Amino acid sequence: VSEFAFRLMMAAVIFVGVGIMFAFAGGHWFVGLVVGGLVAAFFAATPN
Amino acid sequence: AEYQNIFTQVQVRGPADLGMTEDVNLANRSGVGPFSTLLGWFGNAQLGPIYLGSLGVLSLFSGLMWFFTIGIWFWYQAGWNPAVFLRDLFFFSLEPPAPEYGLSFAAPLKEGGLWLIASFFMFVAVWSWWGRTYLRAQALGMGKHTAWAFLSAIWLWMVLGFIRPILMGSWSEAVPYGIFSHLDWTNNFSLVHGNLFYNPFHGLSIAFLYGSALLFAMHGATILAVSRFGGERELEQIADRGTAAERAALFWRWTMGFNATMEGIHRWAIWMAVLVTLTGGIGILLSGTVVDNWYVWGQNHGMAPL
Amino acid sequence: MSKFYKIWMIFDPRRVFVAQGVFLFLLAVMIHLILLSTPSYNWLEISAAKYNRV
Amino acid sequence: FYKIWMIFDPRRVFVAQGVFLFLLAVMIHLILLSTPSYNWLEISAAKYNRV
Amino acid sequence: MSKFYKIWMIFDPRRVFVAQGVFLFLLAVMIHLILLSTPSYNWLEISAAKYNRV
Amino acid sequence: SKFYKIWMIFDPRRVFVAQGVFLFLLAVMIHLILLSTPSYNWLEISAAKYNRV
Amino acid sequence: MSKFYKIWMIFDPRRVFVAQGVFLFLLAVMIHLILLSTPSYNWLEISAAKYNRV
Amino acid sequence: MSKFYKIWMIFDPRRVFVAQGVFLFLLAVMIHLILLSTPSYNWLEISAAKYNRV
Amino acid sequence: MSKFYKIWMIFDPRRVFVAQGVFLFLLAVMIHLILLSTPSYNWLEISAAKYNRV
Amino acid sequence: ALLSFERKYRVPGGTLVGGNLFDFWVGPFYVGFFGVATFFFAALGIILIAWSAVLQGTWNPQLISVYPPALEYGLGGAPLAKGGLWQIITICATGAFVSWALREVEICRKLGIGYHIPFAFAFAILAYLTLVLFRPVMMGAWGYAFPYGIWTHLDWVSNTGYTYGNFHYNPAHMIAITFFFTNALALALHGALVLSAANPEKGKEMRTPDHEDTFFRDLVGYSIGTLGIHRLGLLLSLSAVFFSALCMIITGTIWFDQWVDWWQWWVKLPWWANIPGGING
Amino acid sequence: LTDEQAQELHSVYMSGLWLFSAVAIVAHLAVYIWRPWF
Amino acid sequence: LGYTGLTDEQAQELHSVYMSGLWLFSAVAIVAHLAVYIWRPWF
Amino acid sequence: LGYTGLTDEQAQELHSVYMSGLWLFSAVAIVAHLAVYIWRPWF
Amino acid sequence: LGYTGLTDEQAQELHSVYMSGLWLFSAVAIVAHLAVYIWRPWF
Amino acid sequence: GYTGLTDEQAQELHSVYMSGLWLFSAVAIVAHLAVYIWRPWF
Amino acid sequence: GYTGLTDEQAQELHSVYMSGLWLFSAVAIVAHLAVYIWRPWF
Amino acid sequence: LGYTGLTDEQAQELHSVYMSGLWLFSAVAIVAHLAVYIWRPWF
Ligand code: BCL
Ligand code: BCL
Ligand SMILES: CC[C@H]1c2cc3[nH]c4c(c3C)C(=O)[C@H](C(=O)OC)c4c3nc(cc4[nH]c(cc(n2)[C@@H]1C)c(C(C)=O)c4C)[C@@H](C)[C@@H]3CCC(=O)OC/C=C(\C)CCC[C@H](C)CCC[C@H](C)CCCC(C)C
Ligand SMILES: CC[C@H]1c2cc3[nH]c4c(c3C)C(=O)[C@H](C(=O)OC)c4c3nc(cc4[nH]c(cc(n2)[C@@H]1C)c(C(C)=O)c4C)[C@@H](C)[C@@H]3CCC(=O)OC/C=C(\C)CCC[C@H](C)CCC[C@H](C)CCCC(C)C
Ligand SMILES: COC1=C(OC)C(=O)C(C/C=C(\C)CC/C=C(\C)CC/C=C(\C)CC/C=C(/C)CC/C=C(\C)CC/C=C(\C)CC/C=C(\C)CC/C=C(\C)CC/C=C(\C)CCC=C(C)C)=C(C)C1=O
Ligand SMILES: COC(C)(C)C/C=C/C(C)=C/C=C/C(C)=C/C=C/C(C)=C/C=C/C=C(C)/C=C/C=C(\C)CC/C=C(\C)CCC=C(C)C
Ligand SMILES: COC(C)(C)C/C=C/C(C)=C/C=C/C(C)=C/C=C/C(C)=C/C=C/C=C(C)/C=C/C=C(\C)CC/C=C(\C)CCC=C(C)C
Ligand SMILES: COC(C)(C)C/C=C/C(C)=C/C=C/C(C)=C/C=C/C(C)=C/C=C/C=C(C)/C=C/C=C(\C)CC/C=C(\C)CCC=C(C)C
Ligand SMILES: COC(C)(C)C/C=C/C(C)=C/C=C/C(C)=C/C=C/C(C)=C/C=C/C=C(C)/C=C/C=C(\C)CC/C=C(\C)CCC=C(C)C
Ligand SMILES: COC(C)(C)C/C=C/C(C)=C/C=C/C(C)=C/C=C/C(C)=C/C=C\C=C(C)\C=C\C=C(/C)CC/C=C(\C)CCC=C(C)C
Ligand SMILES: CCCCCCCCCCCCO[C@@H]1O[C@H](CO)[C@@H](O[C@H]2O[C@H](CO)[C@@H](O)[C@H](O)[C@H]2O)[C@H](O)[C@H]1O
């Protein structure tokens, strides 16, 4: 399991979690989806 | 695991390559731009230079005018509201004039004249860009293959927007400049002409689109499967055939019973790609002008039960 | 207003001439088309009405 | 339990533990706020007649 | 304006000639098309109706 | 104490970046949840309090 | 104020000039079309109504 | 306070100037479009209402 | 307390400054949009209603 | 007969099943265990298609059709005349495709090359199974699959696409179409560029990968490189097929109404949902 | 992953776990006082 | 000196022949426009 | 400056003839504008 | 600084000519705005 | 130290992080105290 | 100096940029005053 | 500490200047908030 692979699985799961959280908190699924995608992309693009 | 050569595991960067010059006018050439590590994980991370000749600048200016004209009309449809503009962006449309104007230029600006202006802009831009591709092939002494491959798609585009409206006698037939407006134009075109599925040239165009996907999956997989023998360097495998070319040929020789060469597979590729738009343009041209109901036509020509 | 000539020392004459020609042509076509768009200025239809043409 | 830091990469272990704990905490907090019996905002709103 | 000639020393003559030929053809066909589209100046229908052919 | 070992392993730059992003996300979460509740929409609290709408 | 010469010691005159020309033209055409949109500022419409061309 | 001159030791004027230009132009056009959105501040239509041009 | 400055040693001044600028401008835009959203605090609506503009 | 360079590659080995029982070449074709399997399945499928033609009463190649069982049979069997021949031919087709892929795996092993080709073919096989196995089973009826006729399977396509309005509004459909169209564009560009480099203007020297990099940087200010273009082609085709199978796995299972209404969620975003003006205001 | 290094890391991790767990336990007791769930 | 690698005398000759062609084309255009405007004016 | 390095006399003559052409074009445009306004004014 | 290779004197004369052009453009724009505002004011 | 930081460096970074955290904690405590005074939520 | 600018030229650049900023701000202040006179927004 | 090559005095001066900017920004923010509360309190 490469560093990139672990970062990718973590990005997916953190995207799901923060998307759920901001979908409930933000009043719509779109806000949660956008926040999750943004944070996960910023996480996965950055290496270790 | 076993490496599959889909991403470069190690990147290397060196001097900025400014390219060659056979008959290139160095003056119009730009300077090397930045380097993209993310995009370099898939290919050449270098950006630029960009050649900006006389047909190139003409194309840039005309395309800027076309896109900007569509944008201004979209803002007008928004009530100049940025929030609406970002809400109804897909649903906007710079529609052509309604059929009662026919081919006449005497249409109100709000009633399709602006569409005529933007269409002129895009026409000029695309034709100057075709000239640009031909000239850039000319400067480096290369064949004009990219120019003709572009001319195929240009002909489909001209049929959709210019030639078919002229033949039908109304600008109302042409495609609007909208996101879902042109999707709806496509679906309505099929419904009006009676199941475009039974257009033989629509079927041929789909055959060659499916064939382009099949052929590029096959060629990409083949070249990646022999990239361990330097299969990527296709030009040198043409000039000096290696074990990569022979293994690639023999795979398909033993699979299908026949094979290509390192050069002729690209002849297959270019023809498979250009037949898509060639047959598509023919089929759109015949629709309405010659056949108004493709399913009844199919019935009369086999192709469908009576 | 007696010093503009040296722009020809910072601008390639071929590039600027082509840019000017393209710009003037596009602008002229756009204005002629706008005039044709307006029913009060389309000279073909104006002469059609004044001379009683179809 | 001592070999956990050896077989398992400590960076992975720490990141996974932190992310999982944060997600589980927000999930349980959302579950509480969903039901009308442990939603502190709604309960206090009904308590002081502030809603 | 008696010195307009030296522009040939700036732009390639073949370039200018082929570009102006393409431009002339495009402008001519565009004007012909505009005139054909308008009912007033569509000469074919003018000769059809005027000679009572239609 | 004894927690300074957490700074012997993890890179401070990514730790600080993640901390900033997480804190902004959490603060946005709390403010958005509060404005989601009609009982704590301070804007509407003032609108009714000052007889605005 | 009387010191703006130092912007061109770093910026390229050619790029700056071409970009500003394109921006000025885009702004001008955007404003002209804006005025043409509003019927209270559509000079062709206003002249058509004043002289009874419709 | 007036010691921010070292910010250009941190940021090149190359990127900073273009970013400032695009940002300020974008804010200007955004706010002007916002004003055009609201009928209470669309100055062309308000001038039409004052001068009875509709 | 005083030992805050060393964060500048840890972090890139250029990247930190760009991130702070983009984050701050996005935050300001978001808050202004939030205020505009409620008719309670849409200052254009309040001013028009107070001054009888719509 | 062999190519002028073939003999040094025609060596034993690489076979998954057998190893000398079915290690030979019939003409150019490599016959393996899976070669035998795929020949049997394909011959059976073709003969059964012809037999279904005579049961249908037509010999027009464009009128021959082999329909699946009706919706009433659910996911069960069917008489050969009703939907059974279609089920047998689906068995034969699946077997033939899988055997073809595994025969390609054997050929890859014997030539010492990568397995990109059988993998890319497995993508097409799974799209086919999405249309004939996954979607019908998730829906519960073999009658939701397509018939085996040249023009009747287009009738299946049209009826399915209009069961959900205009299918153009499926977003997975949109990304799949963008992938297909850009894949065709990429194929055109790649073929043209390589042919232009290998075939110069007239009677002059052949060009170099640097020359084609130069051409595409002078054209669009970029070049992806000769390894990158083949990566991109494989990715575009495989992802087009993936999102094709995706658009038809969520259709009639997750979304049931006209797909256009999907795009309502964006225009009803509360901040600008109720603004007057615009197309939908 | 030397045994001393891993053991010290384990000691620190267990200490932090106990601290966080005690804080959570105090929170749980205060919550039960606020409202019982069982 | 210049860009196209030409002199002034050959430029003069080329300008002369191009101007002769332009005047001929424009004169034929003028004659055609007169014929049409007499046939059917647009003013 | 001196990206082309054209000798100042050459730039002078180039600008002079370019302005000659520009003045010619603007004069023809002015004449056409006057004719159009007289035929059918927009003011 | 001095990225583009221009020197102080070149920058000064370039700025002088560009500002002369800017003032000319601004004066033409001012007179055009005055004419339009007289024809139809917006305030 | 496998991340490059030594014991003195680690102690300095940890102490600075703790002091910043406690300053944030004082600000947050004041904020929550003010919010509770304005209206209790318990 | 991450672009090769010394103290003097950095100071001079900041002074001229600030002069430009103040010029822009003065123009904006005049515009805002004129608009608020034409149509106040409070 | 490192990771950027800076010195102690460079970090101190950069932080002091940045804090001057931050305090100016926050003072303007306080003034604006007070003005808004006066014009229309949200509390
Ligand atoms: C309900 C709708 C109808 C239908 C209605 C139509 C209509 C109408 C058309 C097609 C056409 C096609 N259909 Mg169909 N089609 C249907 C069902 C299908 C199905 C299916 C599985 O059901 C498939 C695979 C297809 C596939 C196809 C393609 C083979 C073909 C499009 C070729 C192409 O790539 O043009 C894409 C390329 C272009 C259009 C030219 C673009 C190139 C030019 C130069 C653009 C310049 C770009 C510009 C300068 C800048 C771009 C802007 C920037 C990027 C922002 N159709 C159903 C039955 N179809 C087209 C065709 O030709 O077939 C006869 C066509 O007109
Ligand atoms: C009426 C009921 C009570 C209540 C019932 C409870 C109960 C029961 C509990 C809490 C707990 C908490 N409550 Mg409470 N709580 C209430 C409502 C709230 C509200 C609100 C909006 O009203 C807020 C903001 C909070 C906030 C909190 C937190 C202070 C605390 C959870 C800590 C945590 O999740 O760490 C997780 C987050 C992290 C660890 C961040 C680090 C992870 C990052 C994101 C990813 C890892 C990367 C990084 C490099 C890893 C390094 C470190 C690793 C750990 C190795 N509560 C009401 C008032 N609350 C919990 C607690 O007390 O914990 C001690 C708990 O058990
Ligand atoms: C064989 C048929 C297929 C095909 C082939 C094909 N397409 C082609 C070609 C070929 C062979 C080209 O050579 C040509 C090309 O250049 O490709 C890269 C092209 C092309 N196909 C394109 C698109 C395209 N092709 C499509 C389809 C297809 N093309 C078919 C599937 C489609 C679809 C499916 O709709 C699209 C959208 C373009 C990428 C390109 C033609 C570009 C062109 O003509 O551009 C003209 C410009 C405009 C009209 C608008 C420009 C908009 C800009 C924003 C203007 C401003 C620019 C800015 C000022 C730049 C600033 C830069 C500086 C900061 C440096
Ligand atoms: C996944 C990306 C694209 C792709 C890739 C791809 N295709 C591939 C490969 C790859 C990488 C191969 O290696 C393999 C090959 O050998 O290519 C020549 C192949 C192949 N793709 C083929 C076709 C094909 N690919 C298609 C599509 C695609 N292939 C994708 C777009 C299509 C479409 C879109 O319609 C077709 C028709 C073959 C040329 C070949 C596989 C040949 C094969 O399966 O061999 C064994 C079987 C036979 C020779 C005949 C079997 C006959 C049946 C038993 C009876 C008929 C059943 C069928 C259901 C009838 C339906 C008829 C109606 C639908 C009209
Ligand atoms: C750069 O690199 C590259 C190359 O080059 C270097 C390449 O080239 C290629 C390849 C690309 C091309 C050549 C371009 C053209 C390709 C296409 C347009 C793609 C689509 C292709 C086709 C439709 C072609 C036909 C495809 C198929 C599937 C037909 C295959 C044929 C058969 C089904 C026969 C299979 C036979 C088998 C398995 C043997 C079975 C044997 C037995 C059971 C026992 C013996 C039996 C017998 C004696 C029976 C009779 C004989 C036989 C077997 C056959 C003859 C008789 C028949 C009845 C059929 C690529 C991609 C490339 O990138
Ligand atoms: C929807 O919103 C609307 C449009 C309604 C309202 C929004 C309006 C907005 C946002 C407007 C923005 C306006 C702005 C930013 C305008 C800026 C205008 C400027 C700066 C114009 C400057 C023009 C300068 C010109 C035209 C200079 C021209 C110079 C020449 C022609 C001379 C050529 C130069 C030479 C010869 C240089 C010689 C020197 C050397 C060394 C060769
Ligand atoms: C939507 O908006 C609408 C359309 C409604 C309104 C908008 C209108 C707008 C924005 C209009 C903008 C108009 C502008 C900016 C017009 C500018 C026109 C200019 C600058 C024209 C300049 C023309 C110059 C010409 C024609 C020069 C011609 C020169 C020659 C023909 C001679 C060339 C030969 C030379 C110089 C010899 C050189 C040789 C040697 C050896 C040096
Ligand atoms: C629905 O229910 C919800 C989800 C809303 C309720 C749930 C809430 C939850 C899950 C809350 C969880 C809260 C938690 C776990 C909060 C943790 C907060 C922490 C750890 C805050 C720490 C802050 C520390 C800060 C801000 C430190 C700042 C440091 C400075 C300002 C100094 C800068 C110097 C640095 C960064 C390094 C110095 C450099 C050298 C070389 C020493
Ligand atoms: C969804 O939730 C809503 C929106 C409802 C409410 C939630 C709101 C939230 C979560 C708000 C969050 C707000 C935050 C975190 C605000 C933080 C603001 C801060 C700390 C801003 C700091 C700004 C600092 C600035 C602007 C400093 C600028 C510095 C200068 C202008 C001076 C130039 C600097 C130089 C020259 C560096 C010195 C370098 C040398 C070499 C001397
Ligand atoms: C903030 O936004 C700004 C304002 C800055 C810019 C944004 C602009 C935007 C958002 C633009 C959006 C553009 C879109 C979505 C365009 C969509 C275009 C589509 C989907 C086009 C699809 C098909 C178009 C076709 C097939 C057009 C074909 C046109 C021709 C073949 C040429 C037509 C030529 C004609 C009609 C005759 C021309 C000759 C004369 C004399 C008029
Ligand atoms: C994977 C990333 C995206 C995650 C998406 C997961 C599916 C949806 C998860 C959230 C589902 C519940 O999320 C919540 O639902 C309620 C349903 O009333 C909606 O909330 C809406 O109604 C509630 C009352 O019920 C109001 O208080 C609120 O003002 C309004 O927006 C929103 O949708 C969201 O606040």
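Lettering follows sequence order; numbering is per chain, from 1. Order of listing sets the numbers, starting from 1, for every ligand and every atom in it. These numbers come from the heavy atoms of this one structure, side chains and all, not from hydrogens, waters or symmetry mates.
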Interatomic distance, J:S223 atom OG to B:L47 atom CG [nearest 0.5 angstrom]: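 Going from the OG atom of J:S223 to the CG atom of B:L47 covers 9.5 Å.
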For the CG atom of J:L189 and the CD1 atom of J:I229, what is their distance to the nearest 0.5 Å? 7.0 Å
Quick one: look at B:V276 and ligand 3, take heavy-atom pairs under 4.0 Å, and tell me if it's side chain, backbone, both or neither.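 Answer for B:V276: neither.
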Salt bridge check: are G:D12 and G:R15 linked by an N-O gap of less than 4.0 Å?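 No, no charged N to carboxylate O under 4.0 Å.
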Charged N to carboxylate O under 4.0 angstrom, C:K6 versus M:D8? no
Enumerate, one pair per line, all nitrogen or oxygen atoms of ligand 2 lying under 3.5 Å from a protein nitrogen or oxygen, stating the separation to 0.1 Å; write 'none' if no such pair exists.
{"from": "ligand 2", "atom 1": "15 (N)", "to": "D:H29", "atom 2": "NE2", "distance (Å)": "3.0"}
{"from": "ligand 2", "atom 1": "22 (O)", "to": "D:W40", "atom 2": "NE1", "distance (Å)": "2.9"}
{"from": "ligand 2", "atom 1": "56 (N)", "to": "D:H29", "atom 2": "NE2", "distance (Å)": "3.2"}
{"from": "ligand 2", "atom 1": "59 (N)", "to": "D:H29", "atom 2": "NE2", "distance (Å)": "3.1"}

Subset of ligand 3 atoms that lie under 4.0 Å from at least one heavy atom of [X]:
X: B:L60; answer: 57 (C)
X: B:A273; answer: 1 (C), 2 (C)
X: B:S59; answer: 46 (C)
X: J:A184; answer: 31 (C)
X: J:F181; answer: 31 (C), 34 (C)
X: B:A149; answer: 11 (C)
X: B:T146; answer: 13 (O)
X: B:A125; answer: 49 (C)

Could you tell me whether [atom] has at least one protein heavy atom nearer than 4.0 Å?
atom: atom 24 (C) of ligand 3; result: no
atom: atom 12 (C) of ligand 3; result: yes
atom: atom 35 (O) of ligand 3; result: no
atom: atom 40 (C) of ligand 3; result: no
atom: atom 27 (C) of ligand 3; result: no
atom: atom 61 (C) of ligand 3; result: no
atom: atom 2 (C) of ligand 3; result: yes
atom: atom 64 (C) of ligand 3; result: no

Contact between ligand 3 and J:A192 is defined here as a heavy atom of the residue under 4.0 Å from a ligand atom; is it met?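 No heavy atom of J:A192 comes that close to ligand 3.
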Contact between ligand 3 and J:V220 is defined here as a heavy atom of the residue under 4.0 Å from a ligand atom; is it met? yes
Are the aromatic rings of [X] and [Y] close, with centres under 6.0 Å apart?
X: O:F42; Y: D:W40; value: no
X: D:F22; Y: F:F22; value: yes
X: N:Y18; Y: G:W8; value: yes
X: B:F208; Y: B:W271; value: no

For B:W148, does the CH2 atom sit with more than 12 other heavy atoms under 6.0 Å from it, leaving out its own atoms? no
Atom CZ of residue position N:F25 - does it have more than 12 heavy atoms of other residues, nucleotides or ligands inside 6.0 Å? no
Given a heavy-atom cut-off of 4.0 Å, could you list the residues near ligand 6 in chain and number order?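 Lining ligand 6 at under 4.0 Å, by heavy atoms, one finds C:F4, C:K6, C:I7, C:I10, G:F17, G:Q20, G:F23, G:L24, G:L27, G:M30, G:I31, G:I34, H:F25, H:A28, H:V29, H:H32, H:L33, N:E13, N:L14, N:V17, N:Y18, N:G21, N:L22, N:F25.
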Centre of D:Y38's six-membered ring, under 6.0 Å away, within 45 degrees of the axis: is that where NZ or CZ of K:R35 sits? yes
Both conditions, 6.0 Å and 45 degrees, for the charged tip of G:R14 above the ring of M:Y3: are they met here? no
Using a 3.5 Å distance criterion without hydrogens, assess whether the side chain of [X] forms a donor-acceptor pair with backbone atoms of [Y].
X: K:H28; Y: K:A24; result: yes
X: B:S59; Y: B:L55; result: no
X: B:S212; Y: J:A184; result: no
X: H:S37; Y: H:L33; result: no
X: J:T182; Y: J:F179; result: no

Protein contact to atom 48 (C) of ligand 3 [nearest heavy atom, distance to 0.1 Å]: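 Nearest neighbour among protein heavy atoms for atom 48 (C) of ligand 3, to 0.1 Å: B:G63 CA, 3.7 Å.
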Which protein heavy atom lies closest to atom 7 (N) of ligand 3, and at what distance to 0.1 Å?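 The closest heavy atom on the protein side is J:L185 CD1, 3.1 Å.
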Taking B:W75 as the fixed residue, which of B:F85, B:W80, B:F68 is the one that meets the ring pair (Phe, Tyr, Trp, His ring centres under 6.0 Å) rule?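 One option only clears the test, and that one is B:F85.
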Minimum heavy-atom distance between A:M21 and D:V26, given as atom pair plus value: SD-CB, 3.7 Å
Run down the list B:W129, J:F180, B:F150 and name the one with the heavy atom closest to atom 15 (C) of ligand 3.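 Shortest heavy-atom distance from atom 15 (C) of ligand 3: B:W129.
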Parallel, tilted or perpendicular, judged at 30° and 60°: which one describes the rings of B:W127 and B:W130? perpendicular
